[PDB]
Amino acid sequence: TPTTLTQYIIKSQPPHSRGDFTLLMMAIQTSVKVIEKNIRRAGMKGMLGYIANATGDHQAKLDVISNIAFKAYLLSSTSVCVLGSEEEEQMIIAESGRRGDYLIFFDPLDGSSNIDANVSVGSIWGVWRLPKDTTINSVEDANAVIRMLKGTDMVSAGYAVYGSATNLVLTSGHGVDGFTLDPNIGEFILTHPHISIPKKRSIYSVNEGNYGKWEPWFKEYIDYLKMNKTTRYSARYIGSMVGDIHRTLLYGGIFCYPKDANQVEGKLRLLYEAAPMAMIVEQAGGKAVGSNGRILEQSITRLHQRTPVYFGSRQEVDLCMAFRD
């Protein structure tokens, strides 16, 4: 009898709790398993490539299927009032009799331009809980509510990695725990409890193809990692934010998506990429900052808002930020 994610969560909540968070995490699990199913057989089911979004991404077929899955299960869960997907312009409101307390923002498939080459991909979600009195009855209401939220209010966050094994990592503000899908029983089993990101590790992750378009201070930082006399650094960039962040959490290191001469506001989205990953990184003992301190302290102005990121081992991030100053 191994320990399932569901059991783990039931245990985590107080004696005879509400149960909404358990139902939510069921919906997420089912979605993740559906997506995993589709990815593993995509080649034979004709779902490789692209269709013939609000961020200007041309969509892979698995983006659409992923989004459909997440929405279907989350809305039927009875635990969500609002959902916001990368693949949708607008937020979606759950129907009145079927409306829980959670606002969930998700990237249903991260790295979708990796799938054709069997490089890892993932899903990311951040969960906020509807503020005490308030009631969201429309898209207008929801847009007003998100504007008065911060990453520091996020109650839970997590990602899934679709690779040789299927991982589901999550936090509820009391550390990070990692699970692995047992395909023989379709349950997520606790395999990586109390994930602690090392304080220092000589691994950096960034797209150096963009060297030319970076700020001078960041070119300097990267050059130092390569040219300094003291400590040798190793470079790794899978090109899947989830894949790279997962390696960062387990091995230590740093992961960067810096300011660009094109994307002067950044590549990564705040609500459904950067802030969830920031809560996970912080809870694992790491540091997660953007252009002006903590990602989680940034004010949310709009659903598809962007930010650069510098995430990872506390001291590696400190070194990086020392060049900025």
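So that there is no doubt, residue numbering starts at 1 and follows the sequence shown.
- The modelled chain breaks between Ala52 and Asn53, where 4 to 9 residues of the deposited sequence lack coordinates.
- Mean CA B-factor, 75 to 83 versus 138 to 146: the higher value falls on 138 to 146.
- Checked against the record, the higher mean CA B factor of 300 to 308 and 21 to 29 lies with 300 to 308.
- The PDB entry gives the largest Cα B-factor of the residues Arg294, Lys267, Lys37, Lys61 to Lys267.
- The residue among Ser164, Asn167, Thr171, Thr230 whose C-alpha atom has the highest B-factor in the PDB entry is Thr230.
- Annotation for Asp110: CA B-factor lies in the middle third of the chain's modelled residues.
- Among the modelled residues of its chain, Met44 has a C-alpha B-factor that falls in the middle third according to the deposited record.
- Sorting the modelled residues of the chain by their CA temperature factor places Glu282 in the lowest third.
- Per the deposited record, the Cα B-factor of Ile222 falls in the middle third when ranked against the other modelled residues of its chain.
- For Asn210, the recorded CA temperature factor ranks within the middle third of the chain's modelled residues.
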